[PDB]
Amino acid sequence: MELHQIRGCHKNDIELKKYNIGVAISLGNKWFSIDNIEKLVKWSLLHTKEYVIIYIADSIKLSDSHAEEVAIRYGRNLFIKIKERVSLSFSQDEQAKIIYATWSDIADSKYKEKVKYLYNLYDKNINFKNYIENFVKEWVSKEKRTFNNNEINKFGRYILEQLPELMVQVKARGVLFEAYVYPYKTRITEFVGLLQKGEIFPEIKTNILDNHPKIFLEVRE
C-alpha cells in the first residue's frame, strides 16, 4: 500500500506528516476485508501527524438516521473485530494512536446543521434532488437487484448524511482530522472535489464549507 493520487495537497505534505488521517470504511464493500482495513490502518499510522481515526463512511427502523442504524447494527461488531486484530498486530504504543469514531462521535450539533441544510436542499431544489438520485441509479445499475423510485429517493438522503464528512474537516471526539484514505477514486470523491471548488451546486460551498476542505488520499496495493 502506498499513496496513489492526492486531491487537496502535494505529495510533500504527506511524507512530512502534516495531517491526522481518517480511515473511511465502506461497510459491506468487498474490498474492506479485515486484512485490507488492517493494511489501511498500518499505512495510516506510519504517515499520520499523530492520530488515525477509524469510522464507518458508507453502506450502499431502529433510528431516524440510516448512518446511526448502520452504526448500531453492524458498525459496532466491525469495530470489535478491528480492535482485536489491532491489539494482536500493533504495539501498545501504536494502539494509543487509534480512535474508533462512531457515527455519534462525528455527527455533533454542528455536523447535523450541515446535514439539515442538505436535506432541505434535497427537498426544495429539484435539480439537486435529480442529481443526487442519479448517483444512486448509477450504483444500482451495476447491481443485480432493482429498486423503486421511492427507495432511490431514500438512498439519496443517505448520501447527504455522509456528504459533510467528505467535504469538510470535522472533529471526532475533539480530534480534527484533515485527510482520509480510501482505496479508489469514486464518483462521490469527484463530486466532492467539484463541491469544494464551487464548480457544482455552489450554494453548498457557501453554506457548509469553511475553507478547510477534507483531503482525499487514494491508497491501495
# chains A, B, ... in the order shown; residues from 1 in each chain; ligands from 1

call {"tool": "residues_around", "arguments": {"residues": "segment 144-161 of chain A", "least_positions_apart": "6", "cutoff": "12 Å", "atoms": "only C-alpha atoms", "output": "PyMOL selection string"}}
result
chain A and resi 57-60+64-70+103+106-107+111-123+126+128-138+167+188+191-192+204

call {"tool": "select_by_dssp", "arguments": {"residues": "segment 48-84 of chain A", "states": "helix (DSSP H, G or I)", "output": "count of residues only"}}
result
19

call {"tool": "closest_residue", "arguments": {"among": "A:163, A:78, A:195, A:98", "to": "residue 45 of chain A", "atoms": "only C-alpha atoms"}}
result
A:98

call {"tool": "residues_around", "arguments": {"residues": "residue 51 of chain A", "least_positions_apart": "5", "cutoff": "7 Å", "atoms": "only C-alpha atoms", "output": "PyMOL selection string"}}
result
chain A and resi 20-21+97-98

call {"tool": "write_last_selection", "arguments": {"atoms": "N, CA, C and O atoms", "output": "compact mmCIF listing (two decimals), in the first residue's frame"}}
result
# COMPACT_ATOMS: atom_id res chain seq x y z
N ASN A 20 -3.52 14.58 10.55
CA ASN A 20 -4.17 13.38 11.05
C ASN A 20 -4.99 12.75 9.94
O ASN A 20 -5.51 13.45 9.05
N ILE A 21 -5.11 11.43 9.98
CA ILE A 21 -5.63 10.65 8.86
C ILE A 21 -6.83 9.83 9.33
O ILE A 21 -6.75 9.13 10.34
N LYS A 97 -2.67 5.47 19.32
CA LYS A 97 -2.89 6.46 18.27
C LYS A 97 -4.22 6.28 17.54
O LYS A 97 -4.57 7.10 16.67
N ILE A 98 -4.98 5.24 17.85
CA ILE A 98 -6.15 4.87 17.07
C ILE A 98 -7.40 5.32 17.82
O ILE A 98 -7.50 5.13 19.04

call {"tool": "residues_around", "arguments": {"residues": "residue 38 of chain A", "least_positions_apart": "3", "cutoff": "8 Å", "atoms": "only C-alpha atoms", "output": "PDB file with N, CA, C and O atoms, in the first residue's frame"}}
result
ATOM      1  N   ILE A  34     -11.148  -7.417   6.694  1.00  0.00           N
ATOM      2  CA  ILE A  34     -10.351  -7.080   7.874  1.00  0.00           C
ATOM      3  C   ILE A  34      -8.877  -6.935   7.498  1.00  0.00           C
ATOM      4  O   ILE A  34      -8.174  -6.049   8.005  1.00  0.00           O
ATOM      5  N   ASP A  35      -8.393  -7.787   6.592  1.00  0.00           N
ATOM      6  CA  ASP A  35      -6.989  -7.718   6.181  1.00  0.00           C
ATOM      7  C   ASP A  35      -6.664  -6.384   5.505  1.00  0.00           C
ATOM      8  O   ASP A  35      -5.670  -5.734   5.850  1.00  0.00           O
ATOM      9  N   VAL A  41      -4.952   0.765   7.983  1.00  0.00           N
ATOM     10  CA  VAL A  41      -4.629   1.318   9.291  1.00  0.00           C
ATOM     11  C   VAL A  41      -3.120   1.329   9.507  1.00  0.00           C
ATOM     12  O   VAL A  41      -2.569   2.283  10.071  1.00  0.00           O
ATOM     13  N   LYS A  42      -2.425   0.284   9.055  1.00  0.00           N
ATOM     14  CA  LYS A  42      -0.967   0.271   9.170  1.00  0.00           C
ATOM     15  C   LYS A  42      -0.358   1.463   8.437  1.00  0.00           C
ATOM     16  O   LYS A  42       0.429   2.223   9.013  1.00  0.00           O
ATOM     17  N   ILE A  82     -11.981  -5.191  14.432  1.00  0.00           N
ATOM     18  CA  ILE A  82     -10.801  -4.379  14.148  1.00  0.00           C
ATOM     19  C   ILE A  82      -9.946  -4.239  15.395  1.00  0.00           C
ATOM     20  O   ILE A  82      -8.726  -4.446  15.355  1.00  0.00           O
ATOM     21  N   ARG A  85      -7.995  -7.530  16.084  1.00  0.00           N
ATOM     22  CA  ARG A  85      -6.895  -7.643  15.125  1.00  0.00           C
ATOM     23  C   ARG A  85      -5.789  -6.654  15.459  1.00  0.00           C
ATOM     24  O   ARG A  85      -4.605  -7.001  15.435  1.00  0.00           O
ATOM     25  N   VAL A  86      -6.160  -5.415  15.795  1.00  0.00           N
ATOM     26  CA  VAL A  86      -5.168  -4.378  16.065  1.00  0.00           C
ATOM     27  C   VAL A  86      -4.342  -4.714  17.301  1.00  0.00           C
ATOM     28  O   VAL A  86      -3.119  -4.537  17.310  1.00  0.00           O
TER      29      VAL A  86
END

call {"tool": "select_by_dssp", "arguments": {"residues": "segment 148-215 of chain A", "states": "strand (DSSP E or B)", "output": "JSON, numbers by chain"}}
result
{"A": [168, 171, 172, 175, 176, 179, 180, 181, 182, 213, 215]}

call {"tool": "write_last_selection", "arguments": {"atoms": "C-alpha atoms", "output": "PDB file, in the first residue's frame"}}
result
ATOM      1  CA  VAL A 168     -15.222  19.429   5.434  1.00  0.00           C
ATOM      2  CA  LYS A 171     -13.733  16.524  14.716  1.00  0.00           C
ATOM      3  CA  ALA A 172     -14.159  13.010  16.110  1.00  0.00           C
ATOM      4  CA  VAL A 175      -9.748  15.425  17.321  1.00  0.00           C
ATOM      5  CA  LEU A 176      -9.669  17.201  13.982  1.00  0.00           C
ATOM      6  CA  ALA A 179      -7.317  13.838   5.488  1.00  0.00           C
ATOM      7  CA  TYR A 180      -8.873  10.466   4.877  1.00  0.00           C
ATOM      8  CA  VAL A 181      -7.642   7.458   2.948  1.00  0.00           C
ATOM      9  CA  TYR A 182      -9.668   5.443   0.508  1.00  0.00           C
ATOM     10  CA  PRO A 213     -11.595  21.107   2.865  1.00  0.00           C
ATOM     11  CA  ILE A 215      -8.088  15.988   1.914  1.00  0.00           C
TER      12      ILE A 215
END

call {"tool": "atom_distance", "arguments": {"atom1": "atom CA of residue 19 of chain A", "atom2": "atom CA of residue 212 of chain A"}}
result
12.2 Å

call {"tool": "closest_residue", "arguments": {"among": "A:164, A:174, A:8, A:75", "to": "residue 205 of chain A", "atoms": "only C-alpha atoms"}}
result
A:164
